[PDB]
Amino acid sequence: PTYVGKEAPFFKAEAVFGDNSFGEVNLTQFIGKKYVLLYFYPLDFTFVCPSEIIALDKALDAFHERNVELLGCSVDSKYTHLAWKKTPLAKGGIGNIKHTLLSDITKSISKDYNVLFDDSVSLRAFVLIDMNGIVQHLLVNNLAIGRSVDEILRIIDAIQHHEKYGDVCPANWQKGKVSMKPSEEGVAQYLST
């Protein structure tokens, strides 16, 4: 079955931090403290991947505002990550990005999140985990299709709006568009409108 609306599978991975030092990150350290945006990409030194990593790092402050930890994940080793960070953008590199990059060297994280493609690389996936360690959102793109940062942010905004108010977020909801109480009266006022 699916883990969406259910407990996020545990992970522990070697990582390269924003300052380029080596470490370790696990899901547990975040439970009760902050939201986790785990994003998967297939490969270092490829094509769509760097554009996504750079786009997400530029919007890092938008994530800090929303109390979300941004974690990139690929099958590549932590040494491959550091080398990609020491590669200039004009040479296909990601440069000195500020957020943490995880190494799924065993492939077990991709296997647990059901995003491993061909026993090789992880698909382009967004996993939004709340402060209780529950998956609220899942987005999986095929290897050729890059994703939108405005969209996960809107998703984060919608989830945090529901958590605070208990209101339900309708189709196309932004801040501060009109929300809806999950009742008959309710709907019923919103559609009418």
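Residue positions are given as counts along the sequence shown, with the first one as 1.
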Higher-B stretch (mean Cα B-factor, as the entry records it), 184 to 192 or 2 to 10:
184 to 192
When the C-alpha temperature factors are averaged for each of 90 to 98 and 76 to 84, which stretch ends up with the higher value in the entry?
90 to 98
Quiz for you: based on the deposited Cα B-factor, which of 44, 130, 69, 65 is highest?
65
Sorting the chain's modelled residues by C-alpha B-factor, tell me whether residue 35 ends up in the lowest, middle or highest third.
middle
Select lowest, middle or highest to describe the third in which the CA B-factor of residue 154 falls within its chain in this entry.
middle
Divide the modelled residues of the chain into thirds by Cα B-factor and specify which third, lowest, middle or highest, holds residue 54.
middle
What third of its chain's C-alpha B-factors does residue 136 belong to: lowest, middle or highest?
lowest
